[PDB]
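Novice: Make a model of this:
(3 chains)
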Amino acid sequence: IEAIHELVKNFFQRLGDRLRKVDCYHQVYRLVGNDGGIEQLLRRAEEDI
Amino acid sequence: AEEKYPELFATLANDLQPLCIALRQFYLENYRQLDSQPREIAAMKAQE
Amino acid sequence: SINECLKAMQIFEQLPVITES
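Specialist: Numbering: from 1, shown residues only, chains lettered A, B, ... in the order given. Please find the structure below.
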């Protein structure tokens, strides 16, 4: 339990940190205007995992 | 003068976004997070 | 101001902050 928490948490930061740099998530904010729940869902999903 | 020159300014905008990406996020979290706590003395004291 | 100046040549604009609620 102690180590599993250390694993899942580290993975998500590795993903969200690299997800913003790529143009996929970058182009969203030039047109949509905001996240649209991407960060909210990501954080929400992390709890479920 | 016509093609390359404007692109240089265009690169700056796409090259400057990676910093504004996080400032609004961090401010929007703490600002919204702090608003969750009560403000009234009666309600706040009841929490204690 | 940044978007206002860059608006003169390109449509690549950043995000505003409003109605945070």
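Novice: Not counting its neighbours along the chain, what's nearest residue A:21?
Specialist: residue B:18 (6.8 Å; CB to CB, 6 or more residues apart in numbering or on different chains). From N, CA and C alone the C-beta is placed, and that goes for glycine too.
Novice: Just the CA atoms of the helix or strand hosting residue A:42, as PDB, please.
Specialist: Taking DSSP states H and E as the definition, residue A:42 sits inside helix A:38-48. Taking Å, rounded to 0.1, in the frame of the first residue of the first chain, the C-alpha atoms of helix A:38-48 are listed here in PDB:
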ATOM      1  CA  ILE A  38      -9.000  17.600 -18.700                       C
ATOM      2  CA  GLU A  39      -7.100  18.300 -15.500                       C
ATOM      3  CA  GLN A  40     -10.200  17.700 -13.400                       C
ATOM      4  CA  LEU A  41     -10.900  14.300 -15.000                       C
ATOM      5  CA  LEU A  42      -7.200  13.400 -14.800                       C
ATOM      6  CA  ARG A  43      -7.100  14.200 -11.100                       C
ATOM      7  CA  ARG A  44     -10.500  12.500 -10.600                       C
ATOM      8  CA  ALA A  45      -9.400   9.400 -12.400                       C
ATOM      9  CA  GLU A  46      -6.200   9.200 -10.500                       C
ATOM     10  CA  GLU A  47      -8.200   8.800  -7.300                       C
ATOM     11  CA  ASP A  48     -10.200   5.900  -8.800                       C
END
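Novice: which ones are touching residue B:27?
Specialist: The contact partners of residue B:27, taken as CB atoms under 8 Å, 6 or more residues apart in numbering or on different chains, are residue C:17.
Novice: Kindly apply the preceding question to residue B:14 instead.
Specialist: A:26, C:12.
Novice: likewise residue C:4?
Specialist: Counted by CB under 8 Å, 6+ apart, residue C:4 has zero contacts.
Novice: ok, so what distance separates it from chain A?
Specialist: 16 Å (CB to the nearest CB, to the nearest Å).
Novice: Please consider this matter closed, and thank you.
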